[PDB]
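**Q** Quick one: the structure is below, and I'll ask about it shortly.
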Amino acid sequence: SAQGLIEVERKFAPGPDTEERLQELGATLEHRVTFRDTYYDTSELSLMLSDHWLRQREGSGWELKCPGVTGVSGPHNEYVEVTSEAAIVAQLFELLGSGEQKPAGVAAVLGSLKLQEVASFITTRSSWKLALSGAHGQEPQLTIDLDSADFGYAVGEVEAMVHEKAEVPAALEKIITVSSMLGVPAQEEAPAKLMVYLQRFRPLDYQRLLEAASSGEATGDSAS
């Protein structure tokens with residue numbers, strides 16, 4: 001087994017005091033992102049289910065998720081995200097069936113094609129780093145990255161790097177133990193905010209997607 005430092009990650013579902021608990025436990029706040037992600041869709045959630053996910057973040061800019069294939073034929077060849085408005089403008093027009101003049105920006109197509117904000121919540125990402133220690137002194141520093149949302153959602157992903165597969169159970173069990181103390185060990189293929197929107201309000205619809213989008217970071221002892 002030679003892949004270098006084995007990034008061992010497992011997923012955890014934390015409570016509402018996680019950030020505080022981490023500070024007190026000794027995890028450092030590496031970085032955190034906070035923004036409201038505003039999702040638009042047609043009235044039927046046709047956009048959502050069409051693999052064209054439309055989101056604006058913090059009123060900064062626009063982001064559209066496309067199934068790789070824009071001339072949708074066949075399966076979804078991965079997701080391609082476009083952030084350039086002119087692309088989204090033209091895309092939204094063809095998506096909703098406009099045939100009209102390209103306005104200028106996405107906010108203009110938004111009002112004109114009359115999309116509805118069907119989902120809006122805040123993404124709270126919080127990256128913590130926890131140094132292991134004990135009688136041995138220096139033990140690995142592992143990262144805990146929290147992904148949370150306004151609509152009842154909190155996930156942590158705990159990732160440590162060991163160069164030895166033999167210390168994987170050691171590091172990984174520390175991970176699970178601290179996590180179970182803080183909340184409950186999870187197992188999902190990492191939910192995006194919208195994956196949460198779905199599991200929260202539309203569980204079977206979430207499953208349609210989940211079963212197909214089942215690719216998340218959680219290996220165990222072998223990254224590769």
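In the structure tokens, chains take the letters A, B, ... in the order shown, each chain's residues start at 1, and ligands count up from 1 in the order shown.
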What are the DSSP helix (DSSP H, G or I) residues of stretch 21-136 of chain A, as a PyMOL selection string?

**A** chain A and resi 21-25+46-49+85-96+106-113

**Q** Just the residues within 7 Å of stretch 103-106 of chain A, please, counting only C-alpha atoms, with nothing from its chain fewer than 4 positions along; format it as a PyMOL selection string.

**A** chain A and resi 85-86+88-89+110

**Q** Check which residues of stretch 193-222 of chain A sit at most 12 Å from stretch 149-160 of chain A using only C-alpha atoms, and return one row each with the closest pair of atoms and their distance in Å to one decimal, ordered by chain and rising number, as CSV.

**A**
residue,atom,partner,partner_atom,distance
A:193,CA,A:149,CA,6.5
A:194,CA,A:149,CA,9.7
A:195,CA,A:153,CA,10.4
A:196,CA,A:153,CA,7.1
A:197,CA,A:151,CA,7.5
A:198,CA,A:151,CA,10.7
A:199,CA,A:153,CA,10.3
A:200,CA,A:151,CA,7.9
A:201,CA,A:151,CA,9.9
A:216,CA,A:157,CA,10.5
A:217,CA,A:157,CA,8.4
A:218,CA,A:157,CA,8.6
A:219,CA,A:159,CA,10.1
A:220,CA,A:159,CA,10.0
A:221,CA,A:160,CA,10.5

**Q** Could you save those same residues with C-alpha atoms as a tab-separated table (two decimals), in the first residue's frame?

**A**
chain	number	residue	atom	x	y	z
A	193	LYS	CA	-27.72	21.94	0.42
A	194	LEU	CA	-30.19	20.96	-2.30
A	195	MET	CA	-29.79	17.31	-1.45
A	196	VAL	CA	-30.92	18.41	1.98
A	197	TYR	CA	-33.77	20.45	0.49
A	198	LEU	CA	-34.90	17.31	-1.07
A	199	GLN	CA	-34.47	14.84	1.86
A	200	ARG	CA	-36.14	17.41	4.14
A	201	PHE	CA	-39.25	18.19	2.00
A	216	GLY	CA	-19.22	10.82	-1.61
A	217	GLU	CA	-16.03	11.02	0.31
A	218	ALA	CA	-15.82	8.13	2.77
A	219	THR	CA	-13.22	5.48	2.20
A	220	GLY	CA	-11.95	3.94	5.39
A	221	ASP	CA	-8.35	2.78	5.23

**Q** Return the single residue from A:192, A:72, A:131, A:209 that is closest to residue A:175, with distances computed using only C-alpha atoms.

**A**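 Nearest candidate to residue A:175 out of A:192, A:72, A:131, A:209: A:131.
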
**Q** May I have the residues within 6 Å of stretch 26-34 of chain A as a PyMOL selection string, using only C-alpha atoms and disregarding those fewer than 4 positions away in the same chain?

**A** chain A and resi 22+123-130

**Q** Would you output that residue set with N, CA and C atoms, as a PDB file, in the first residue's frame?

**A**
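Written output follows (part_25.pdb):
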ATOM      1  N   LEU A  22     -16.176  22.236  19.503  1.00  0.00           N
ATOM      2  CA  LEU A  22     -14.881  22.154  18.836  1.00  0.00           C
ATOM      3  C   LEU A  22     -13.885  23.132  19.393  1.00  0.00           C
ATOM      4  N   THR A 123     -25.795  28.487   3.727  1.00  0.00           N
ATOM      5  CA  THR A 123     -24.781  27.499   3.783  1.00  0.00           C
ATOM      6  C   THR A 123     -23.753  27.933   4.804  1.00  0.00           C
ATOM      7  N   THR A 124     -23.588  27.154   5.816  1.00  0.00           N
ATOM      8  CA  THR A 124     -22.591  27.415   6.785  1.00  0.00           C
ATOM      9  C   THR A 124     -21.550  26.312   6.711  1.00  0.00           C
ATOM     10  N   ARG A 125     -20.400  26.655   6.227  1.00  0.00           N
ATOM     11  CA  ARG A 125     -19.315  25.718   6.101  1.00  0.00           C
ATOM     12  C   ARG A 125     -18.328  26.110   7.146  1.00  0.00           C
ATOM     13  N   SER A 126     -17.849  25.196   7.901  1.00  0.00           N
ATOM     14  CA  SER A 126     -16.949  25.540   8.955  1.00  0.00           C
ATOM     15  C   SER A 126     -15.863  24.463   9.047  1.00  0.00           C
ATOM     16  N   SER A 127     -14.628  24.848   8.836  1.00  0.00           N
ATOM     17  CA  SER A 127     -13.541  23.918   8.789  1.00  0.00           C
ATOM     18  C   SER A 127     -12.719  24.034  10.049  1.00  0.00           C
ATOM     19  N   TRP A 128     -12.599  22.945  10.737  1.00  0.00           N
ATOM     20  CA  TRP A 128     -11.889  22.865  11.971  1.00  0.00           C
ATOM     21  C   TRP A 128     -10.784  21.878  11.848  1.00  0.00           C
ATOM     22  N   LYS A 129      -9.760  22.074  12.583  1.00  0.00           N
ATOM     23  CA  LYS A 129      -8.662  21.198  12.566  1.00  0.00           C
ATOM     24  C   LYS A 129      -8.315  20.816  13.992  1.00  0.00           C
ATOM     25  N   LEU A 130      -8.263  19.536  14.240  1.00  0.00           N
ATOM     26  CA  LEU A 130      -8.046  19.014  15.566  1.00  0.00           C
ATOM     27  C   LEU A 130      -6.756  18.210  15.602  1.00  0.00           C
TER      28      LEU A 130
END

**Q** Given only C-alpha atoms as the basis, pick out the residue of A:117, A:188, A:20, A:164 nearest to residue A:48.

**A**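 The shortest atom-to-atom distance to residue A:48 comes from A:117.
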
**Q** At a cut-off of 9 Å, using only C-alpha atoms, what residues contact residue A:52? Leave out same-chain residues fewer than 6 positions from it and give the result as a ChimeraX atom specification.

**A** /A:41,46,64-67,95

**Q** Let's have the selection written as a PDB file, in the first residue's frame, with N, CA, C and O atoms.

**A**
ATOM      1  N   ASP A  41     -36.400  27.726  -9.659  1.00  0.00           N
ATOM      2  CA  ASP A  41     -36.943  26.639 -10.407  1.00  0.00           C
ATOM      3  C   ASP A  41     -38.270  27.115 -10.942  1.00  0.00           C
ATOM      4  O   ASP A  41     -38.759  28.189 -10.555  1.00  0.00           O
ATOM      5  N   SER A  46     -39.354  21.436 -12.212  1.00  0.00           N
ATOM      6  CA  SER A  46     -38.927  20.856 -13.429  1.00  0.00           C
ATOM      7  C   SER A  46     -37.453  21.140 -13.652  1.00  0.00           C
ATOM      8  O   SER A  46     -36.763  20.319 -14.204  1.00  0.00           O
ATOM      9  N   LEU A  64     -25.072  27.872 -12.225  1.00  0.00           N
ATOM     10  CA  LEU A  64     -26.010  26.912 -12.766  1.00  0.00           C
ATOM     11  C   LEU A  64     -25.333  25.579 -12.904  1.00  0.00           C
ATOM     12  O   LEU A  64     -24.187  25.497 -13.359  1.00  0.00           O
ATOM     13  N   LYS A  65     -26.024  24.550 -12.523  1.00  0.00           N
ATOM     14  CA  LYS A  65     -25.522  23.220 -12.629  1.00  0.00           C
ATOM     15  C   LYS A  65     -26.104  22.636 -13.889  1.00  0.00           C
ATOM     16  O   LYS A  65     -27.314  22.736 -14.119  1.00  0.00           O
ATOM     17  N   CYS A  66     -25.282  22.071 -14.695  1.00  0.00           N
ATOM     18  CA  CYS A  66     -25.731  21.423 -15.896  1.00  0.00           C
ATOM     19  C   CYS A  66     -25.262  19.984 -15.905  1.00  0.00           C
ATOM     20  O   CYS A  66     -24.184  19.696 -15.420  1.00  0.00           O
ATOM     21  N   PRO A  67     -26.064  19.054 -16.456  1.00  0.00           N
ATOM     22  CA  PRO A  67     -25.729  17.603 -16.495  1.00  0.00           C
ATOM     23  C   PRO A  67     -24.595  17.259 -17.482  1.00  0.00           C
ATOM     24  O   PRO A  67     -24.559  16.150 -18.040  1.00  0.00           O
ATOM     25  N   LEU A  95     -33.904  26.619 -21.659  1.00  0.00           N
ATOM     26  CA  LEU A  95     -34.455  25.729 -20.646  1.00  0.00           C
ATOM     27  C   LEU A  95     -35.944  25.948 -20.448  1.00  0.00           C
ATOM     28  O   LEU A  95     -36.714  24.983 -20.403  1.00  0.00           O
TER      29      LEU A  95
END

**Q** Identify, with DSSP run on backbone atoms, the residues in chain A assigned to strand (DSSP E or B), and express the list as a PyMOL selection string.

**A** chain A and resi 6-14+28-41+53-57+61-66+80-82+116-131+141-149+153-162+183-185

**Q** For stretch 161-198 of chain A against stretch 132-143 of chain A, with a cut-off of 10 Å and counting only C-alpha atoms, what is the closest atom pair and its distance in Å to one decimal for every residue that makes the cut, ordered by chain and number, as a tab-separated table?

**A**
residue	atom	partner	partner_atom	distance
A:161	CA	A:142	CA	6.9
A:162	CA	A:140	CA	7.4
A:171	CA	A:140	CA	8.0
A:172	CA	A:142	CA	9.9
A:174	CA	A:132	CA	8.5
A:175	CA	A:142	CA	8.5

**Q** Just C-alpha atoms for this one: save the residues we selected as an mmCIF file, in the first residue's frame.

**A**
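So the final result, stored in selection06.cif, reads:
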data_model
loop_
_atom_site.group_PDB
_atom_site.id
_atom_site.type_symbol
_atom_site.label_atom_id
_atom_site.label_comp_id
_atom_site.auth_asym_id
_atom_site.auth_seq_id
_atom_site.Cartn_x
_atom_site.Cartn_y
_atom_site.Cartn_z
ATOM 1 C CA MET A 161 -3.868 11.573 7.069
ATOM 2 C CA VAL A 162 -1.774 8.600 8.073
ATOM 3 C CA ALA A 171 -6.810 7.593 14.013
ATOM 4 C CA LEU A 172 -10.191 6.622 12.584
ATOM 5 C CA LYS A 174 -10.417 8.598 17.608
ATOM 6 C CA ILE A 175 -12.412 10.304 14.872
#

**Q** When distances are computed from only C-alpha atoms, which of A:144, A:96, A:80, A:109 shows the smallest separation from residue A:23?

**A**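 With only C-alpha atoms as the atom set, the closest residue is A:144.
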
**Q** Go through A:116, A:38, A:177, A:77 and flag the residue nearest residue A:62, using only C-alpha atoms for the distances.

**A**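 Of A:116, A:38, A:177, A:77, the one nearest residue A:62, counting only C-alpha atoms, is A:38.
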
**Q** Tell me which of A:107, A:76, A:82, A:90 sits closest to residue A:60, counting only C-alpha atoms.

**A**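 Using only C-alpha atoms, the shortest distance to residue A:60 belongs to A:107.
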
**Q** Find the residue from A:45, A:190, A:87, A:178 that sits nearest to residue A:202; use only C-alpha atoms when measuring.

**A**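 Closest to residue A:202, using only C-alpha atoms: A:45.
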
**Q** For residue A:2, work out the shell of residues within 10 Å, counting only C-alpha atoms and skipping chain neighbours fewer than 2 positions away, then give it as a PyMOL selection string.

**A** chain A and resi 4-6+163-165+222+224

**Q** Keeping only C-alpha atoms, take the residues you just selected and write them out as a PDB file, in the first residue's frame.

**A**
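Okay, this is what ended up in part-v8.pdb:
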ATOM      1  CA  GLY A   4       1.304   8.313   0.468  1.00  0.00           C
ATOM      2  CA  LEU A   5      -0.583   9.818   3.312  1.00  0.00           C
ATOM      3  CA  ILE A   6      -3.849   8.038   3.554  1.00  0.00           C
ATOM      4  CA  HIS A 163       1.174   7.246   6.126  1.00  0.00           C
ATOM      5  CA  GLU A 164       0.683   3.908   7.746  1.00  0.00           C
ATOM      6  CA  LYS A 165      -2.421   1.771   7.231  1.00  0.00           C
ATOM      7  CA  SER A 222      -7.703   2.983   1.525  1.00  0.00           C
ATOM      8  CA  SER A 224      -7.407   4.690  -3.585  1.00  0.00           C
TER       9      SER A 224
END

**Q** Neighbours of residue A:42 within 8 Å (only C-alpha atoms; same-chain residues fewer than 5 positions away dropped), as a ChimeraX atom specification?

**A** /A:47,114-116

**Q** Store the residues picked out above, limited to N, CA and C atoms, as a PDB file, in the first residue's frame.

**A**
ATOM      1  N   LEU A  47     -36.982  22.297 -13.189  1.00  0.00           N
ATOM      2  CA  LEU A  47     -35.601  22.714 -13.405  1.00  0.00           C
ATOM      3  C   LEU A  47     -34.686  21.804 -12.569  1.00  0.00           C
ATOM      4  N   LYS A 114     -39.785  34.393 -15.120  1.00  0.00           N
ATOM      5  CA  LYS A 114     -40.561  34.254 -13.903  1.00  0.00           C
ATOM      6  C   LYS A 114     -40.315  32.981 -13.126  1.00  0.00           C
ATOM      7  N   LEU A 115     -39.061  32.726 -12.831  1.00  0.00           N
ATOM      8  CA  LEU A 115     -38.711  31.622 -11.964  1.00  0.00           C
ATOM      9  C   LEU A 115     -39.091  31.954 -10.541  1.00  0.00           C
ATOM     10  N   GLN A 116     -39.316  30.941  -9.761  1.00  0.00           N
ATOM     11  CA  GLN A 116     -39.637  31.114  -8.377  1.00  0.00           C
ATOM     12  C   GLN A 116     -38.507  30.599  -7.527  1.00  0.00           C
TER      13      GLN A 116
END
